[PDB]
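Peer 1: Right, I'll just put the structure down here and ask away after.
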2 protein chains.
Amino acid sequence: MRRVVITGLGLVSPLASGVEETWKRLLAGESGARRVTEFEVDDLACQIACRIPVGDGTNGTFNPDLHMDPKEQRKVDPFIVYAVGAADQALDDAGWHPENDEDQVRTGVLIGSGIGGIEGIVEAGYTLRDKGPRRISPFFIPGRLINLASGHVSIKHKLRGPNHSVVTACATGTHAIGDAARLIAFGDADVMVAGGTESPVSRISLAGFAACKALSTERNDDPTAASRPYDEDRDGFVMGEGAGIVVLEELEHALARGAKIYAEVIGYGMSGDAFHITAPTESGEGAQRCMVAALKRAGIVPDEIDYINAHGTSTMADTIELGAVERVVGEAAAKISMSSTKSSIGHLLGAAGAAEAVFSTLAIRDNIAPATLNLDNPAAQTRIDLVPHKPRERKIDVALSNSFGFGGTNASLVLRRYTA
Amino acid sequence: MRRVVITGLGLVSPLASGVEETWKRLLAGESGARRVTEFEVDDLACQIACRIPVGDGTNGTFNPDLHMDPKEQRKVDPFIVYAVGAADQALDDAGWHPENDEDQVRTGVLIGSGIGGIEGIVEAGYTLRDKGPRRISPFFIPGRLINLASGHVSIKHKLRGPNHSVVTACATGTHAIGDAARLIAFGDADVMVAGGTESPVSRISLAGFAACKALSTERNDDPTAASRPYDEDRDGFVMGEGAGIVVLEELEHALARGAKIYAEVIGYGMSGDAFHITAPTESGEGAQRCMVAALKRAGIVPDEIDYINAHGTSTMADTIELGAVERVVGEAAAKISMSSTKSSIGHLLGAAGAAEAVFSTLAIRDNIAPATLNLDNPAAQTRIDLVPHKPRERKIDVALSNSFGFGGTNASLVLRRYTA
């Protein structure tokens, strides 16, 4: 089994396009939450979302034209464009652009999404009913398939290794990264472009998530205060959009070319709640077993954990997760920092785990735990440092990142500073 | 690394609900293809599909009421129902129904789908526009998420191990089984319920695949002749629906409890074409590398392959895969039988690999290669035995199953008779 390190980062987020710019804004306490203006929301229970700032590419804005010609953008749903953007950044960061046969066939891609092209499916549904089948675009199917994010990235960068994709709701980005690391550890690839992408800010998606009572509805006129993980007055998640990507690389491969190393992927755990289609198990036992499995894989004990990037969606379940984490870490609780960056950028669904893996990696690099914004009145008493309001500078060598999705699908990743 | 065996099978197919009943009809030369009658098709380029025979559960019919209450069936898209039915069958066959804590936490589920709930998403889109957002069902989101097939199966059978899902178009079923076998090998689970499910026979799906010129269009008045892999007169694939499930089990676990053992999962390979969103590479080089990787993992040479269950969708690509197989197997070509069972049940998209893994397993059990129906005039001359028209009894100890999907995503599985 080979060791796997992170050698590139990419991020298209509700704060910025770009890793350093998102991170700077995150740490400064900026929020991506705002009123949705791009489509009708006056009749929706939830009128807010965390949206990518679109522009010419300067000042941290996202210019999709820098990654895909506008004619090509019109053929796909936004989740594909976000993945290409973040993948471009990550490969640039890694200094990895496979040109010879060996480098191409040993580099793959594994990018997941939770819901994929729901928006474009609804639009094509209208074309079908209104205008008829001969008006359906030849690009309808490929531009809406979840695995075509991997597809577009592979084609653009000549990545001929394993081409794969996962779909596990809120856990997607975390499974994608764990699975890509295993592909490298087991010898199927030497480099993987891995992560998650989502474009869930659409009328049908906001309506659908409101219907199952998942979304914040009481702060439509104060959107930056809406996402408030662990707070007494939390009322549901705030949807976000974008993509997180990491370049993963076998350790010897990285050292032999002198690639800068951000951190090492050392653990990965998975479990199932087997409880309910949308509700978390009341006891948190599934989350607990997931974390335990990841730590066992990593060969570490709770005394070695510094930072936890929570699932922490700003729902009633935040406290169940907190309870499960407390049981896992025991007496180490008082020296661990745990925060939810969903307080800042909302819930990116299938991309959440990938964005949060990037943030967990930067927390190690910079020895700083991101804040939980809006934590005015914690719902529970805990010894864990929930990093309320402002980031905390502290030693961080080991980060744990949790994702617990619809259907009872749980995944955790353990990252550690690379020393030797 | 632990060894992994197949200890249960389940199948809901266009020939029958049931493994043995599907297999019997398959070997008898029956076709699932018929003119679509459940919705409007007369304005579509393709008017045919391979559909599950629905009924009371007798005579090989599918009775969803045996697997899910009618009130629950109407809360999900059909792909979830088909997965529950095939998983029910596979667990009954394996005699595995976890009741104690250990058995529950050590059994997981990994069921994939290529397109999931496209049909119900279109319907909710109509509800949204016509009736308004307050009339969107609370079940709209969970009933349409691809990972909720794993979710429902986990909930029904108390499966608390890894709960996971993959989405790789035509490759989905093969990746799902390969990845579930790795979860066992690596120690994340001792038992996995694994496979693929698809419900792509709808107006939106038929219109979408016709728009990208993927479907057969010239044989709407002779549906059973339309799917004709490798034949000179092929003109695109025939859509099918259903689910295939295998119970995978660590070898010593299977042996200790007296489990039946159908075969062993010995190899798994992946690659990416990096060529085009839907078109196959002219060279077949990605398909070649995928098979070579699978055989390397399995530790076998091509002379040891007996049967190949082809991707073989009845498209222009058929001859490219055939060329890639010839280059992989060299002088063994004259010994090997390769057939496409898509000739009989059409293309189950994300369930195709799972159904075809079940067929590859039974080809080993019964020492018989399924036919390629409709192979009147092969499009190329090859030493490979394409098993035209009628199945062929022969020694089958090793089966290779290929899946080469949209986006250039490739996966292969190698199965071998279990000796010791």
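By convention in this document, the chains of the structure tokens carry letters A, B, ... by their order, each chain's residues are numbered from 1, and ligands are numbered from 1 in the order they are shown.
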Using DSSP secondary structure from the backbone, list all helix (DSSP H, G or I) positions within range 197-325 of chain A, as a PyMOL selection string.
Peer 2: chain A and resi 203-211+223-225+251-257+285-298+302-304+318-325
Peer 1: Quick one: residues within 7 Å of residue 349 in chain A, only C-alpha atoms, excluding same-chain residues fewer than 3 positions away - as a ChimeraX atom specification?
Peer 2: /A:114,169-170,198,352
Peer 1: Go ahead and save the picked residues with C-alpha atoms, as a tab-separated table (two decimals), in the first residue's frame.
Peer 2:
```
chain	number	residue	atom	x	y	z
A	114	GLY	CA	-24.80	14.92	-5.36
A	169	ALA	CA	-25.43	13.35	-1.40
A	170	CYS	CA	-23.66	15.50	1.30
A	198	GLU	CA	-22.50	21.06	-7.47
A	352	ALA	CA	-19.14	20.32	0.50
```
Peer 1: With 7 Å as the limit and counting only C-alpha atoms, what residues in chain A lie close to chain B? Please list them as a ChimeraX atom specification.
Peer 2: /A:44,115,118,121-122,125,133,136-142,145-148,151,154-155,158-169,204,207-209,211-212,270-277,407-409
Peer 1: Could you check which of B:49, B:243, B:68, B:110 is closest to residue 358 in chain B, using only C-alpha atoms?
Peer 2: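 Nearest candidate to residue 358 in chain B out of B:49, B:243, B:68, B:110: B:243.
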Peer 1: Which residues are near residue 347 in chain B? Cut-off 7 Å, only C-alpha atoms, ignore same chain within fewer than 3 positions. Put them as a ChimeraX atom specification.
Peer 2: /B:237-240,313,342,352
Peer 1: Among range 17-228 of chain A, which residues does DSSP mark as strand (DSSP E or B) when it is run on the backbone? Keep the chain and numbering as in the structure and answer as a list in words.
Peer 2: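 Those in range 17-228 of chain A that DSSP calls strand (DSSP E or B) are residues 17, 33, 34, 35, 48, 49, 50, 54, 62, 107, 108, 109, 110, 111, 112, 163, 164, 166, 191, 192, 193, 194, 195, 196, 197, 198 and 215 of chain A.
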Peer 1: Quick one: everything within 12 Å of range 263-266 of chain B, counting only C-alpha atoms, minus sequence neighbours fewer than 4 positions away in the same chain. Send it as a VMD selection string.
Peer 2: chain B and resid 1 to 9 174 177 to 182 184 to 185 246 to 251 254 259 293 to 300 357 to 366 396 to 401 412 to 420
Peer 1: From the set B:244, B:391, B:18, B:302, which residue has the shortest atom-to-atom contact distance to residue 329 in chain B, counting only C-alpha atoms?
Peer 2: B:302
Peer 1: For range 221-229 of chain A, find every residue with an atom within 7 Å (counting only C-alpha atoms), except residues of its own chain fewer than 4 positions away, and show them as an NGL selection string.
Peer 2: :A and (31 or 33-35 or 48 or 216 or 234 or 237-238 or 312-314 or 318 or 340 or 342-343 or 346 or 372-375)
Peer 1: Please, could you write that set of residues out with C-alpha atoms as a CSV table (one decimal), in the first residue's frame?
Peer 2:
```csv
chain,number,residue,atom,x,y,z
A,31,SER,CA,-20.1,35.2,4.1
A,33,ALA,CA,-24.9,34.2,1.6
A,34,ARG,CA,-27.3,36.5,-0.3
A,35,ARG,CA,-30.7,36.9,-1.8
A,48,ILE,CA,-31.2,32.9,-0.2
A,216,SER,CA,-33.3,28.0,6.4
A,234,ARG,CA,-30.5,27.6,13.6
A,237,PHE,CA,-29.1,24.9,5.8
A,238,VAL,CA,-28.3,27.5,3.2
A,312,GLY,CA,-22.4,21.0,10.7
A,313,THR,CA,-25.2,22.1,8.3
A,314,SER,CA,-27.1,24.4,10.7
A,318,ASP,CA,-25.8,19.7,14.5
A,340,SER,CA,-18.3,24.4,10.4
A,342,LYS,CA,-20.8,26.0,6.1
A,343,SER,CA,-21.3,29.0,8.4
A,346,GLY,CA,-23.2,27.3,3.1
A,372,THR,CA,-18.0,29.0,13.0
A,373,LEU,CA,-19.7,32.3,12.1
A,374,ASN,CA,-22.9,33.3,13.8
A,375,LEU,CA,-22.4,31.2,16.9
```
Peer 1: Separation of CA of residue 305 in chain B and CA of residue 383 in chain B, in Å?
Peer 2: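 Spanning CA of residue 305 in chain B to CA of residue 383 in chain B is a straight-line distance of 14.6 Å.
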Peer 1: State, in Å with one decimal place, the distance from CA of residue 86 in chain A to CA of residue 281 in chain B.
Peer 2: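 Result for CA of residue 86 in chain A versus CA of residue 281 in chain B: 26.2 Å, one decimal.
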Peer 1: Could you tell me how far CA of residue 304 in chain A sits from CA of residue 292 in chain A, in Å to one decimal place?
Peer 2: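 Those two atoms sit 13.3 Å apart.
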